[PDB]
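To start, the structure itself, in structure tokens.
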Amino acid sequence: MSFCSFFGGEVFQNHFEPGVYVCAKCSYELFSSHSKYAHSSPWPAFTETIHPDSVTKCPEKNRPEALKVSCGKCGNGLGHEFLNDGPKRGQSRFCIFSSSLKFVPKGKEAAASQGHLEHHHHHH
Ligand SMILES: [Zn+2]
């Protein structure tokens with residue numbers, strides 16, 4: 001008699017490491033650094049979005065307290081915003097499918113910090 005086993009029940013607690021989001025169709029890297037925060041929990045979501053020209057949304061009929069959002073460029077439509085329901089709270093936040101867009105993490109960690117070096121100037 002011996003037997004060996006060790007587990008917690010789920011892997012989820014380490015899903016907070018830094019990265020970027022890219023299209024499920026277009027593969028182009030797009031998310032604003034301000035539209036999501038850092039936490040380790042069930043129910044991952046983002047408070048805001050980048051609001052570009054290349055994605056679009058439409059309201060529900062049968063669910064008139066929420067709306068669906070699509071990648072109208074490539075013609076997707078799997079994410080949502082539960083809009084006008086929550087306006088004082090952290091109620092009304094966007095939620096999306098894994099088949100709507102992908103995750104590309106950083107190397108190990110780093111990120112979420114400042115550093116600037118840029119110049120071009122001429123006169124003749
Ligand atoms: Zn797309």
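Just so we're on the same page: first chain in the structure tokens is A, next is B, and so on; residues restart at 1 for each chain, and ligands are numbered from 1 in the order they show up.
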Ligand 1 neighbours within 9 Å using only C-alpha atoms and all ligand atoms, as a PyMOL selection string: chain A and resi 22-28+54-55+70-76+100-101
Taking a cut-off of 10 Å and counting only C-alpha atoms, can you build a table that, for each residue of stretch 7-99 of chain A near stretch 110-120 of chain A, reports the nearest atom pair and how far apart they are in Å (one decimal), sorted by chain then residue number, as a tab-separated table?
```
residue	atom	partner	partner_atom	distance
A:17	CA	A:110	CA	9.0
A:18	CA	A:111	CA	6.5
A:19	CA	A:111	CA	7.9
A:33	CA	A:112	CA	8.2
```
Contacts of stretch 4-14 of chain A within 9 Å, only C-alpha atoms, excl. fewer than 6 positions in-chain, as a list in words: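 With the cut-off at 9 Å, the set is residues 40, 41 and 42 of chain A.
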Expected file: the selected residues, C-alpha atoms, as a short mmCIF file (atom, residue, chain, number, x, y, z; two decimals), in the first residue's frame:
```
data_model
loop_
_atom_site.label_atom_id
_atom_site.label_comp_id
_atom_site.auth_asym_id
_atom_site.auth_seq_id
_atom_site.Cartn_x
_atom_site.Cartn_y
_atom_site.Cartn_z
CA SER A 40 -6.90 35.85 -10.54
CA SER A 41 -10.50 34.50 -10.31
CA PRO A 42 -13.39 32.84 -12.15
#
```
Test item: residues at most 8 Å from residue A:82, only C-alpha atoms, excluding those fewer than 6 positions along its chain, as an NGL selection string: :A and (65-67 or 91-94)
Write the residues you've just listed into a file as a PDB file, in the first residue's frame, and include N, CA and C atoms for each of them.
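Writing the result to result.pdb gives the following:
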```
ATOM      1  N   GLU A  65     -31.421  44.599 -22.280  1.00  0.00           N
ATOM      2  CA  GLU A  65     -30.548  45.069 -21.209  1.00  0.00           C
ATOM      3  C   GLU A  65     -29.065  44.754 -21.497  1.00  0.00           C
ATOM      4  N   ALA A  66     -28.780  44.266 -22.707  1.00  0.00           N
ATOM      5  CA  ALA A  66     -27.493  43.779 -23.161  1.00  0.00           C
ATOM      6  C   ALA A  66     -27.394  43.841 -24.694  1.00  0.00           C
ATOM      7  N   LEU A  67     -26.161  43.833 -25.186  1.00  0.00           N
ATOM      8  CA  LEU A  67     -25.828  43.861 -26.604  1.00  0.00           C
ATOM      9  C   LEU A  67     -24.734  42.868 -27.007  1.00  0.00           C
ATOM     10  N   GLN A  91     -20.788  46.690 -12.768  1.00  0.00           N
ATOM     11  CA  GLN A  91     -21.801  46.196 -13.689  1.00  0.00           C
ATOM     12  C   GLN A  91     -21.647  46.891 -15.058  1.00  0.00           C
ATOM     13  N   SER A  92     -22.143  46.269 -16.131  1.00  0.00           N
ATOM     14  CA  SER A  92     -21.843  46.614 -17.529  1.00  0.00           C
ATOM     15  C   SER A  92     -20.331  46.625 -17.814  1.00  0.00           C
ATOM     16  N   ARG A  93     -19.856  45.430 -18.147  1.00  0.00           N
ATOM     17  CA  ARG A  93     -18.495  45.100 -18.581  1.00  0.00           C
ATOM     18  C   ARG A  93     -18.578  44.135 -19.763  1.00  0.00           C
ATOM     19  N   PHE A  94     -17.650  44.254 -20.702  1.00  0.00           N
ATOM     20  CA  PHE A  94     -17.608  43.405 -21.871  1.00  0.00           C
ATOM     21  C   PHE A  94     -17.110  42.004 -21.489  1.00  0.00           C
TER      22      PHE A  94
END
```
DSSP strand (DSSP E or B) selection over stretch 21-119 of chain A, as a list in words: residues 21, 22, 23, 29, 46, 56, 57, 58, 59, 67, 68, 69, 70, 79, 80, 81, 94, 95, 101, 102, 103, 104 and 105 of chain A
